[PDB]
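So this first bit is one chain, no partners, the form deposited in one PDB entry, shown in C-alpha coordinates.
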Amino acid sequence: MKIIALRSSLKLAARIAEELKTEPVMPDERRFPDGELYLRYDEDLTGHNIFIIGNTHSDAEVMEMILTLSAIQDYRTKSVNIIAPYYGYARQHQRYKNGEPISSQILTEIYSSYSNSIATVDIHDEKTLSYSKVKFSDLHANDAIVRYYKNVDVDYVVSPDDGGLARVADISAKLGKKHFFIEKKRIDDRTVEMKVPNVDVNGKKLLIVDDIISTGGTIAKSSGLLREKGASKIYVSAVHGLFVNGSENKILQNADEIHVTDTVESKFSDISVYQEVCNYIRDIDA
(Lines give C-alpha, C1' and ligand atoms only; values in the text may rest on other atoms or scores of the structure.)
Protein backbone atom coordinates (compact mmCIF):
# COMPACT_ATOMS: atom_id res chain seq x y z
CA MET A 1 0.00 0.00 0.00
CA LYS A 2 0.94 3.64 -0.55
CA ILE A 3 -0.60 6.44 1.53
CA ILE A 4 -0.66 9.88 -0.08
CA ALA A 5 -0.94 12.71 2.44
CA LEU A 6 -2.40 15.93 1.03
CA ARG A 7 -1.81 19.35 2.60
CA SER A 8 -5.13 19.52 4.47
CA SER A 9 -4.65 16.14 6.17
CA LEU A 10 -0.97 15.97 7.06
CA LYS A 11 -1.59 15.25 10.78
CA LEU A 12 -4.19 12.52 10.37
CA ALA A 13 -2.50 11.01 7.30
CA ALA A 14 0.78 10.86 9.20
CA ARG A 15 -0.86 9.08 12.17
CA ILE A 16 -2.49 6.63 9.77
CA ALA A 17 0.75 5.99 7.89
CA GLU A 18 2.66 5.49 11.14
CA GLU A 19 0.08 2.99 12.41
CA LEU A 20 0.27 1.01 9.16
CA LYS A 21 4.09 1.19 9.09
CA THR A 22 4.28 3.01 5.76
CA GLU A 23 5.45 6.30 4.25
CA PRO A 24 3.10 9.26 4.32
CA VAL A 25 3.87 10.29 0.74
CA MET A 26 3.55 14.07 0.34
CA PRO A 27 3.62 15.88 -2.95
CA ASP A 28 6.05 18.56 -3.93
CA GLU A 29 3.58 21.44 -4.24
CA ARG A 30 3.76 25.09 -5.25
CA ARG A 31 1.86 27.83 -7.07
CA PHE A 32 3.12 29.13 -10.40
CA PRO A 33 3.43 32.92 -10.59
CA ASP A 34 -0.03 33.13 -12.25
CA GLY A 35 -1.56 31.24 -9.32
CA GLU A 36 -2.04 27.85 -10.97
CA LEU A 37 -1.32 24.80 -8.82
CA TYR A 38 1.63 22.52 -9.39
CA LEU A 39 2.03 19.05 -7.80
CA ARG A 40 4.43 16.19 -8.27
CA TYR A 41 4.69 12.68 -6.85
CA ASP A 42 8.16 11.40 -7.70
CA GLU A 43 7.78 8.11 -5.80
CA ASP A 44 7.14 4.99 -7.90
CA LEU A 45 3.52 4.05 -7.23
CA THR A 46 3.31 1.26 -9.81
CA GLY A 47 1.55 -1.92 -8.67
CA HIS A 48 0.44 -0.50 -5.31
CA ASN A 49 -2.97 0.11 -3.78
CA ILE A 50 -3.01 3.90 -3.39
CA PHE A 51 -4.86 5.73 -0.60
CA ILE A 52 -5.17 9.49 -1.11
CA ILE A 53 -6.00 11.33 2.11
CA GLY A 54 -7.19 14.92 1.81
CA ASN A 55 -10.21 17.07 2.65
CA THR A 56 -12.40 18.44 -0.12
CA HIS A 57 -13.93 21.65 1.24
CA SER A 58 -11.82 24.64 0.09
CA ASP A 59 -11.25 25.62 -3.54
CA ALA A 60 -7.55 24.79 -3.08
CA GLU A 61 -8.31 21.37 -1.57
CA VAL A 62 -10.51 20.49 -4.52
CA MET A 63 -7.75 21.45 -6.96
CA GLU A 64 -5.23 19.46 -4.91
CA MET A 65 -7.48 16.39 -5.08
CA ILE A 66 -8.25 16.66 -8.82
CA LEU A 67 -4.63 17.23 -9.84
CA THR A 68 -3.47 14.38 -7.60
CA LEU A 69 -5.95 12.10 -9.37
CA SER A 70 -4.27 13.11 -12.63
CA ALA A 71 -0.70 12.85 -11.31
CA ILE A 72 -1.14 9.25 -10.12
CA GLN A 73 -2.21 8.17 -13.62
CA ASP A 74 1.48 8.35 -14.51
CA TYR A 75 1.75 4.98 -12.74
CA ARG A 76 0.13 1.58 -13.29
CA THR A 77 -1.49 1.34 -9.88
CA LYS A 78 -3.46 -1.63 -8.55
CA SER A 79 -6.21 0.63 -7.22
CA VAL A 80 -6.95 4.25 -6.35
CA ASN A 81 -8.83 4.96 -3.16
CA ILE A 82 -9.90 8.41 -2.00
CA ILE A 83 -10.28 9.12 1.70
CA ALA A 84 -11.58 12.65 2.39
CA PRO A 85 -11.78 12.84 6.19
CA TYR A 86 -14.01 15.91 5.82
CA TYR A 87 -16.06 15.84 2.62
CA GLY A 88 -16.82 19.29 1.28
CA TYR A 89 -20.16 20.38 -0.16
CA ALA A 90 -22.10 17.62 1.60
CA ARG A 91 -24.53 20.30 2.79
CA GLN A 92 -25.54 21.02 -0.82
CA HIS A 93 -26.85 17.52 -1.55
CA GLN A 94 -29.98 18.56 -3.44
CA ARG A 95 -31.38 21.64 -5.15
CA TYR A 96 -33.12 23.86 -2.59
CA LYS A 97 -34.14 26.42 -5.21
CA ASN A 98 -34.49 26.19 -8.98
CA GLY A 99 -31.20 26.65 -10.80
CA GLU A 100 -29.01 25.67 -7.85
CA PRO A 101 -26.19 23.14 -8.24
CA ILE A 102 -26.24 19.81 -6.49
CA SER A 103 -22.64 20.51 -5.59
CA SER A 104 -22.12 17.19 -3.77
CA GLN A 105 -23.41 15.31 -6.83
CA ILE A 106 -21.13 16.77 -9.49
CA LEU A 107 -18.08 16.72 -7.22
CA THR A 108 -18.76 13.09 -6.18
CA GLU A 109 -19.21 12.10 -9.85
CA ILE A 110 -15.82 13.60 -10.67
CA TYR A 111 -14.03 11.87 -7.80
CA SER A 112 -15.75 8.56 -8.59
CA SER A 113 -14.71 8.71 -12.24
CA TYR A 114 -11.04 8.78 -11.24
CA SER A 115 -11.00 6.36 -8.32
CA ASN A 116 -11.97 2.81 -7.34
CA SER A 117 -13.48 3.81 -3.99
CA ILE A 118 -14.26 6.84 -1.85
CA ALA A 119 -14.60 7.15 1.91
CA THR A 120 -15.25 9.96 4.36
CA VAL A 121 -15.81 10.32 8.11
CA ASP A 122 -19.33 11.22 9.23
CA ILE A 123 -20.74 12.79 6.09
CA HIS A 124 -23.55 15.29 6.46
CA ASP A 125 -26.50 13.40 4.91
CA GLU A 126 -25.80 9.99 3.42
CA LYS A 127 -27.79 10.96 0.30
CA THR A 128 -24.48 11.99 -1.24
CA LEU A 129 -23.13 8.44 -1.03
CA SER A 130 -25.68 7.54 -3.74
CA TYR A 131 -24.13 10.04 -6.20
CA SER A 132 -20.97 7.91 -6.48
CA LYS A 133 -20.52 5.18 -9.12
CA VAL A 134 -17.89 3.51 -6.93
CA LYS A 135 -18.43 2.31 -3.34
CA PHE A 136 -18.59 5.40 -1.12
CA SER A 137 -18.18 4.41 2.56
CA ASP A 138 -19.26 6.57 5.51
CA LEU A 139 -16.88 5.91 8.40
CA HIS A 140 -17.81 6.93 11.94
CA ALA A 141 -15.92 8.65 14.70
CA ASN A 142 -18.26 7.21 17.34
CA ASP A 143 -15.75 4.78 18.84
CA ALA A 144 -13.01 7.41 19.04
CA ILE A 145 -15.34 9.82 20.83
CA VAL A 146 -16.33 7.04 23.24
CA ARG A 147 -12.71 6.16 23.94
CA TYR A 148 -12.04 9.80 24.89
CA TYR A 149 -15.13 10.28 27.07
CA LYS A 150 -15.07 6.96 28.92
CA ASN A 151 -12.53 8.83 31.07
CA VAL A 152 -14.71 11.89 31.63
CA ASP A 153 -17.52 12.26 34.18
CA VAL A 154 -20.63 12.54 32.00
CA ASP A 155 -24.31 12.14 32.96
CA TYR A 156 -26.07 12.72 29.62
CA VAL A 157 -25.10 12.86 26.00
CA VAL A 158 -27.05 15.56 24.13
CA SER A 159 -27.86 16.37 20.53
CA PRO A 160 -28.25 20.14 19.95
CA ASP A 161 -31.01 19.51 17.38
CA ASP A 162 -33.55 16.80 16.58
CA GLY A 163 -31.17 15.45 13.97
CA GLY A 164 -27.91 13.61 14.63
CA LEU A 165 -29.93 11.45 17.01
CA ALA A 166 -28.54 8.12 15.78
CA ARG A 167 -25.01 9.26 16.64
CA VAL A 168 -25.92 10.43 20.15
CA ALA A 169 -27.87 7.22 20.78
CA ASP A 170 -24.87 5.11 19.77
CA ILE A 171 -22.32 7.12 21.75
CA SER A 172 -24.46 7.27 24.85
CA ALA A 173 -25.05 3.49 24.76
CA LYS A 174 -21.33 2.76 24.39
CA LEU A 175 -20.71 5.10 27.33
CA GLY A 176 -23.52 3.53 29.40
CA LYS A 177 -25.30 6.90 29.65
CA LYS A 178 -28.75 8.26 28.99
CA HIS A 179 -29.31 10.89 26.31
CA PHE A 180 -31.67 13.60 25.13
CA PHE A 181 -32.01 16.16 22.38
CA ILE A 182 -32.86 19.82 22.17
CA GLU A 183 -35.50 21.07 19.74
CA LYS A 184 -35.10 24.77 18.97
CA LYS A 185 -37.59 26.65 16.83
CA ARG A 186 -38.27 30.29 16.11
CA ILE A 187 -41.90 31.36 16.41
CA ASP A 188 -42.48 35.01 15.51
CA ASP A 189 -39.08 36.42 16.51
CA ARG A 190 -39.18 34.45 19.78
CA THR A 191 -37.11 31.30 20.31
CA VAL A 192 -38.72 28.27 21.94
CA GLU A 193 -36.64 25.34 23.18
CA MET A 194 -37.72 21.90 24.32
CA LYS A 195 -35.69 19.07 25.81
CA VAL A 196 -36.74 15.59 24.62
CA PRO A 197 -37.20 13.89 26.95
CA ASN A 198 -37.56 16.77 29.37
CA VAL A 199 -34.46 15.88 31.39
CA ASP A 200 -33.66 17.86 34.53
CA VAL A 201 -30.08 19.04 33.95
CA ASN A 202 -29.65 20.80 37.29
CA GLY A 203 -26.27 19.71 38.68
CA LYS A 204 -25.64 17.42 35.72
CA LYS A 205 -22.63 16.98 33.42
CA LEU A 206 -23.55 17.11 29.74
CA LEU A 207 -21.73 16.06 26.57
CA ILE A 208 -23.14 17.82 23.50
CA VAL A 209 -22.26 16.07 20.23
CA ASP A 210 -22.71 17.26 16.63
CA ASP A 211 -21.25 16.35 13.26
CA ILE A 212 -19.94 19.81 12.28
CA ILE A 213 -19.17 23.01 14.12
CA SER A 214 -19.02 25.81 11.59
CA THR A 215 -20.68 29.02 12.80
CA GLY A 216 -21.60 27.36 16.10
CA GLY A 217 -24.85 29.26 16.64
CA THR A 218 -27.09 26.36 17.67
CA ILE A 219 -24.50 24.82 19.99
CA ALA A 220 -23.66 28.17 21.58
CA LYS A 221 -27.36 28.87 22.16
CA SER A 222 -28.13 25.42 23.54
CA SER A 223 -25.07 25.60 25.82
CA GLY A 224 -26.28 28.88 27.31
CA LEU A 225 -29.78 27.51 27.91
CA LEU A 226 -28.36 24.41 29.59
CA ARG A 227 -26.01 26.45 31.78
CA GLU A 228 -28.99 28.66 32.69
CA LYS A 229 -30.91 25.58 33.82
CA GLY A 230 -28.13 24.56 36.21
CA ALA A 231 -25.86 22.19 34.25
CA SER A 232 -22.64 21.75 36.23
CA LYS A 233 -20.35 20.97 33.30
CA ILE A 234 -20.84 21.19 29.53
CA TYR A 235 -18.46 19.48 27.09
CA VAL A 236 -18.88 20.15 23.39
CA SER A 237 -17.74 17.67 20.80
CA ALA A 238 -18.03 17.47 17.06
CA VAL A 239 -16.40 15.37 14.35
CA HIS A 240 -15.47 18.28 12.07
CA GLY A 241 -14.26 21.47 13.75
CA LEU A 242 -14.38 24.14 11.05
CA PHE A 243 -14.72 27.04 13.54
CA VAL A 244 -15.88 29.95 11.40
CA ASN A 245 -16.31 33.54 12.66
CA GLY A 246 -15.29 33.13 16.32
CA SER A 247 -17.59 30.16 16.90
CA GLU A 248 -15.23 28.46 19.37
CA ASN A 249 -15.30 31.61 21.51
CA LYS A 250 -19.09 31.89 21.25
CA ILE A 251 -19.40 28.32 22.40
CA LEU A 252 -16.86 28.70 25.20
CA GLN A 253 -18.96 31.57 26.63
CA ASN A 254 -21.13 28.86 28.21
CA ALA A 255 -19.47 25.50 27.60
CA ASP A 256 -16.45 24.34 29.56
CA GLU A 257 -14.42 22.54 26.90
CA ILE A 258 -14.44 21.77 23.19
CA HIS A 259 -12.93 18.51 21.82
CA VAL A 260 -13.09 17.68 18.12
CA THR A 261 -11.37 15.14 15.88
CA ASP A 262 -8.40 15.48 13.56
CA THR A 263 -10.53 15.32 10.37
CA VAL A 264 -10.01 19.10 10.36
CA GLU A 265 -6.86 19.88 12.30
CA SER A 266 -6.95 22.62 14.92
CA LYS A 267 -5.87 23.22 18.52
CA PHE A 268 -9.15 21.57 19.59
CA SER A 269 -8.32 18.30 17.77
CA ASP A 270 -7.88 15.99 20.80
CA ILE A 271 -9.71 12.92 19.47
CA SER A 272 -7.99 11.08 16.61
CA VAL A 273 -9.88 8.99 14.09
CA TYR A 274 -6.73 7.27 12.83
CA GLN A 275 -7.87 3.79 14.00
CA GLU A 276 -11.19 3.94 12.20
CA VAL A 277 -9.49 4.93 8.95
CA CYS A 278 -6.83 2.27 9.43
CA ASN A 279 -9.49 -0.46 9.81
CA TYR A 280 -11.08 0.73 6.57
CA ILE A 281 -7.75 0.74 4.75
CA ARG A 282 -6.90 -2.78 5.97
CA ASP A 283 -10.30 -3.93 4.66
CA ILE A 284 -9.67 -2.51 1.16
CA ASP A 285 -6.35 -4.38 1.51
CA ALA A 286 -2.69 -3.75 0.64
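In case it trips you up, residue 1 is the first one in the sequence shown, and so on. Residues that one form lacks are left out of the comparison. Note that the rigid core is defined as the largest set of C-alphas that superpose within 1.5 Å between two forms.
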note = Once average C-alpha B-factors are taken from the entry for 70 to 78 and 117 to 125, the winner is 70 to 78
query = With respect to the recorded C-alpha B factors, which stretch has the higher mean value, 163 to 171 or 135 to 143?
reply = 163 to 171
key: Highest recorded Cα temperature factor - choice among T56, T46, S237, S247   = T46
Residue with highest C-alpha B-factor in the PDB entry, from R91, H179, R190, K205 = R190
query = Lowest, middle or highest third: where is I106 by C-alpha B factor in its chain?
reply = middle
message = Test of reading the entry: by CA B factor among the chain's modelled residues, which third contains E61?
response = lowest
query = Comparing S266 with the other modelled residues of its chain, is its CA B-factor in the lowest, middle or highest third?
reply = middle
message = How does the C-alpha B factor of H259 compare with the rest of the chain: lowest, middle or highest third?
response = lowest
ask   = Relative to the other modelled residues in the chain, which third contains the C-alpha temperature factor of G224: lowest, middle or highest?
value = highest
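What follows is about the form deposited in another entry, which we do not show.
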inquiry  = Quick check for you: superpose on the rigid core, then look between the shown form and the other one for a C-alpha move of 2 Å or more. Which of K185, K127, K133, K178 is it?
reply    = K185
ask   = Does superposing the core leave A166 with a CA shift of 2 Å or more between the shown form and the other one?
value = no
query = Using the core for the fit, does the CA position of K195 change by 2 Å or more between the shown form and the other one?
reply = yes
note = With a difference of at least 3 Å, the CA distance of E193 and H179 in the other entry shows the atoms farther
message = So the CA-CA distance for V236 and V192 moves by at least 3 angstroms in the other entry. Closer or farther than here?
response = closer
ask   = Where does the protein shift between the shown form and the other one, taking runs of 3+ residues with every CA moved 2 Å or more once the core is matched?
value = 161 to 163, 182 to 198
